[PDB]
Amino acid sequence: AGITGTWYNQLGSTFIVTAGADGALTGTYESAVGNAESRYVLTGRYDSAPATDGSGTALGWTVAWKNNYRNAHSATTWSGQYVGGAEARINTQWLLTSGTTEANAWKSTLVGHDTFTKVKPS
């Protein structure tokens, strides 16, 4: 169950999350950490029964940079895997797609990565 919680990224984002018994992910993303109108609904999925081999626990989740206060006309999906214990992290790769005229399709999707930890950076 050790997914549910708060999770901080190197750069200064934060999201708390729940893991539905069945296998859901519900939460909200805070893209600063001292903000309020800069939170966005979070939903995603994670393998609710993982393997017995020290192997990761696959997950993903999406967040749409639009809320009741702002719209970036964009959305990030985080894909990766959660590891547990004392050094416990959420290792992801992420994609970011904006809405584009088809003229600029080709340049619509930023790629990156993010390591989330259960205790703040610096």
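The term rigid core refers to the most C-alpha atoms you can superpose between the two forms while keeping them within 1.5 Å. Don't overthink the numbering: it's just position in the shown sequence, from 1.
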- Line up the rigid core: which moves more in 5 other deposited structures of this protein, 55 to 63 or 79 to 87, by C-alpha RMS? 79 to 87
- Note on the structure: Once average C-alpha B-factors are taken from the entry for 85 to 93 and 30 to 38, the winner is 30 to 38
- Note on the structure: Once average C-alpha B-factors are taken from the entry for 69 to 77 and 41 to 49, the winner is 69 to 77
- Relative to the other modelled residues in the chain, which third contains the C-alpha temperature factor of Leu11: lowest, middle or highest? highest
- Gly60 by Cα B-factor - lowest, middle or highest third of the modelled chain: lowest
- Query: Once the chain's modelled residues are ordered by C-alpha B factor and cut into thirds, is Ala24 in the lowest, middle or highest one?
  - Reply: lowest
- Query: Within this chain, which third does the Cα B-factor at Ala103 fall in: lowest, middle or highest?
  - Reply: highest
